[PDB]
Structure formats: structure tokens, C-alpha cells
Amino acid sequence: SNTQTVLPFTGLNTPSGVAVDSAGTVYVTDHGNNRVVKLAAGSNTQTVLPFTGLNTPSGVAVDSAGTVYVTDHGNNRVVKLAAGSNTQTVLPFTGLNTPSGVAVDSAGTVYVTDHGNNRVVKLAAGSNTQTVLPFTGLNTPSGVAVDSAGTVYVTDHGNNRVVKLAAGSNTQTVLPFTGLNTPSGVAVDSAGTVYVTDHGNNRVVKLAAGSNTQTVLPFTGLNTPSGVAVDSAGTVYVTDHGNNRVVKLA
């Protein structure tokens, strides 16, 4: 499909991240409004999630159990909200400096890009101490994604590249993306396709698994894309920072 639609979100001020669950519900972090809103599939009235004390929400992720994870830029913390609960929980991350992205794998492990510390940290389910991923040369990590094989994908803002790291591997590889200008967000589907928002180019590129030729998705009117998500049906959701809107493309 080459025709995008604008999700009926209202009152958006600088959308920063986007996530989608199994039921099609789209979660969006509202940077300028210090809130996280969600919109059910087909619905037109968004609801505000019962988060408390948010300061510049930068990234969002949702697991299979409906738990919503949010990186709090202004508070240097990561909070989570279980399904049906109205009491958030601050994950026991430490030493965070401007958390920019969040991802959760099949085992419940939470991955967080540490913008100010040039590192990616992860926290196993129920663990109290974090571990640092063996990435090297990261310049301002901005986004993170993890596929079904445990491979972690990270957008290198300051290096205009996307690096990946297989599970249990200490050798990182640079994805064959071309012409990248300030990558901001990253997402990967169950088929291995990597989707990356190009902040400096106002475009969204994708790269199939094992491919060396990227493809620019036919999004229109993009102004500073900040986040990207992909659902079960392959629809790509993109937060339009400059336009205060969220678009989707089938």
C-alpha cells in the first residue's frame, strides 16, 4: 500500500514513540504533554494511561501480556504499567542518563538505550541488577528493538548507522543502510525486516532479512519522524514529531 492514514489522535504535542499490541491498540508517548495515550483499533476517542509523574516520555513498548513500558527522559527512569493496573512500577535500572528507547523480548527482558551514556542496558524479568550490552562505539543511542531470535538492533544517532548484536554474541555488525541522516527509531517484525525512521531525511526505510538494498516506504508529508512500530498485519506506524500526528501505512 502507498496510501497512509492519520490516526484520530487529539491534542498531541510532539509525539515521541509508538507501540502496537496484538489487538491493534496503538500506544503513543506525548513528549510535550508528559502523558501516554492509547487508541483501540477502529476507535476514535483516545484514553490517557494512568501513569504518574512523567517528565518528557521518549519511548514506549508493550509486551504480549499488555504491560506498557515507558522511558522517562526528564526523570532518567523507566516505568511500566501492567494491564488493568493503575499503579505504575519503576524498573530497577540504575545510572540512566536520558533514556531514549525501550524494547521487550519474548522472555520479558527489557532493553533500554542510554542516550547520555552511549550504552544499551538490559534487565531480565524479575532481576534487580542490570547488565550492559557489549556494544561498542555507540554515539547517542536513540532507539532499540529485539527480534524473535534475541538479536538487538540499535539506532546510532551520532554515527548515522544502525548496529545489531546477535544473542550471546560480542561482535556487532553495521546494517547496510545507506544515506542515513540521524536515525531516531527502529523496529523489527517477526519476519526479520528492520524498519528505521530517518529524522534528518523525513523518511522511513526498511531492510529485509539478508538483504543489502533498503526500500523507502511511501509515507507522505513526513516532518521529523521520531518513532516506528509494526503490527501483526505488517502495518507500519510512525510518529510525526513536526506534524503532531501518528500515521500508519499498510
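So that there is no doubt, residue numbering starts at 1 and follows the sequence shown. Definition used throughout: the rigid core is the maximal C-alpha set that superposes within 1.5 Å between two forms.
For the pair 107-115 and 163-171, rigid core superposition yields a higher RMS C-alpha distance in 8 other deposited structures of this protein in 163-171. Legend: mean Cα B-factor per stretch from the PDB entry, 189-197 versus 217-225; the higher mean is in 217-225.
Comparing 108-116 with 83-91, the higher mean C-alpha B-factor in the PDB entry belongs to 83-91. Comparing the listed residues 45, 56, 67, 52, the entry records the largest Cα B-factor for 45.
Which of 37, 60, 40, 205 has the largest Cα B-factor in the deposited entry comes down to 40. Ranked against the other modelled residues of its chain, the C-alpha B-factor of residue 159 as given in the entry falls in the middle third. Ranked within its chain, residue 169 lands in the highest third, by CA B factor from the PDB record. Remark: residue 125 belongs to the highest third of its chain, ranked by C-alpha B-factor as recorded. Sort the modelled residues of the chain by CA B factor and residue 177 lands in the highest third.
When the CA B factors of the chain's modelled residues are split into thirds, the value for residue 22 lands in the highest one.
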